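Chemist: My questions will all concern the structure given below.
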Ligand code: NA
């Protein structure tokens, strides 16, 4: 019935599953993130975002960006997809014959190199979707170690300065292969003499050992290589000579010379090296190594290590001992701790200068994807962790950090638009992409999303994609307000939209109050300095903000965690604590106007207040309206108070009564509506000013229980009840207008009920006749079903996964335009010239190979023209 209703999904926020991989394109300046279900999300400037779903739901291992128009995606099943930034759909799927171990791709090259578990090397033509005839067998088994087990290729790396040389590394040996000459140029083998200490994790020091290589890299000058070995040795070799310059550790040097009386002098438990990256600064002559360390036990053992080697000495005029000094005495060294003990799973440097040098040229920020799906950012080389939501598109802000609670608010646009006008995001990181303008028809009411994270930060933005709403967001830091560093998890938060006020309650029970206002433009701050519960925090506002959500007062009650917070639209703040405390704050002041325990007033065993609501209507049979406060208790009781206007503009509190409404506690959602007009009865400033008129507005209050809804009337015994099959997670009163006759604006007030299992109904009032009975299309996390908010205009916002939210609209007829995807590829961007071997460093010894020359070797003289428009486009 009521065909004006149909469940329609309007917006999605965040990512649908756990991030598992990442990649970045400097040429187009786009950032791609891969989920475990095979989704690829490409983000750009402001709020550019394109979602591509691969045919299989398998996980993603690696990506690279090719030519600035291609995105190569490799899954767990060793299937390689090619995606386009111009046509924005899957271009090619390839089933590569073998188990892939090492991949390399260059910015200006149309080929990608694949090593296998069986040791063979193969080359794939991304531009033309063909396998090339160039194939190399297992070189270690073929030339050096015939009797060894079949060694997989540990690492393949294109030379940073010459596409004609490829660094290949096997388990017990590494080498440099030339594609032009089809031969092995130089080979290095790491062997330890007896009694050699080896690395930290060396085993059986007495006997001769040949540890497996775990990773090899080229130096930015391309004349030096590093081999990390399973003992955590770090051996620096010279690519051309075959000489072993040194073997060092992160802490000690010369680990290869035997030492009969060696003793491990380390007060820190040794950490297995996970991966090593060789980053370079603006001048490639300035380089540093970042090493990630595998965790032992479970405690914070994933820390980064940076070795800034500074100016690399000139190659031609320094001996091997000079390189030994240069690598053995680092220019600077520092360890970057990780704020969490969650293991690191992927590290992606974000280049700022150019996409060469393995995508690690002058990285200003390092994106770390952890095992729990988080995304962290390290400023480099400073090492400062940043979680500012303005660095990345708002969809990424659901990952950095994890959003502990979320809510949506129906804000009147009258001042909301003026607020978002000067709240534009101006310091995003991604620069590419051109955002499609999706103009929304103007409306009286808009929607805001508000999220609180475990960091102690609250992010607020608009849920529409309009001209102003799209790139506008506020961020408030609870840490700077309280001068605190730990125990900052946000638990609950309440938003008064009519005057733009906020109350944020954290795991320690502290509640901080924020208000929208202009700016007033110490290091010993603490909540324990003074004795009063209300602590002044006005002067602790962020420096550079001219106007925004600033803190006014912090609440340090020392009474425990909070069970209910509500910030009214008329200056009142209601705070309830798990111990039983109930506390009323007048923002006029500031002042406390009521502070009492509710276990000494209840007739039941009700421990704490779970919901606080403000209404302005007639109590009982008083014949006139006043300021009334309704609270629900965890045992199904309801306590109604009056806030009487007292002398001097202050306010008293008079307890009217407490009645056991239902046995199905807790009481978590309170709403109200007038009996005749059926408009919202919740308190507002104009309604408060209207009290002098002597007006009387008898009303009915909807109280939500565990799985029942009660229609009750203040000051009376009669009530009505409705029961559900499953417990109710989110509800609200929605006031919608329907036109049926000719232009008649017939308003209809209905209640939107959502159960934790995902079912949604829409009933009328007060008869509670069903108008919708549908389900949310996808299953929802029972942990996060309850963080839903019902909006004024029939919309319902549900948290569905740990990282994603969904804003549904329950009005079938909505001014919906055809979906428009955004533009990723912008033509005319030039890829900088690939760096070549400097003649002043190593004269001769090189055979210059142009890209077309390499195409002729790998694909043949008769290489077919591509079937893609991108190949012609990307030139
Ligand atoms: Na937006």
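All chain A residue numbers match Swiss-Prot; in order, they span 62-582, 598-951.
Just so you know, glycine gets a Cβ as well, placed from its N, Cα and C.
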Chemist: Select, from 380, 602, 915, the one residue given the annotation phosphoserine by Swiss-Prot.
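Modeler: In Swiss-Prot, 602 carries the phosphoserine label; others show none in the record.
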Chemist: Six or more residues out from either end of the repeat 'WD 4' (216-249), which same-chain residues have a Cβ under 8 Å from its Cβ atoms?
Modeler: 163-167, 170, 174-176, 180, 182, 195, 197, 199-201, 204-206, 209, 271, 273-274, 276-283, 286, 288, 298, 300-303, 305, 417-419, 910-914, 922-925, 927, 929-930, 933-934
Chemist: Are there residues of the same chain, six or more positions away from residue 602 (phosphoserine), whose CB falls under 8 angstroms from its CB, and which are they?
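Modeler: Non-local contacts for residue 602 (phosphoserine): 544.
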Chemist: Let me know the whole-Å distance spanning the Cα atoms of residue 582 and residue 598; 15 residues are not modelled in that stretch.
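Modeler: On either side of the break, the Cα atoms lie 16 Å apart.
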Chemist: Using DSSP, what is the helix/strand/coil residue split across the repeat 'WD 8' (464-538)?
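Modeler: So the counts come to 9 helix, 33 strand, 33 coil.
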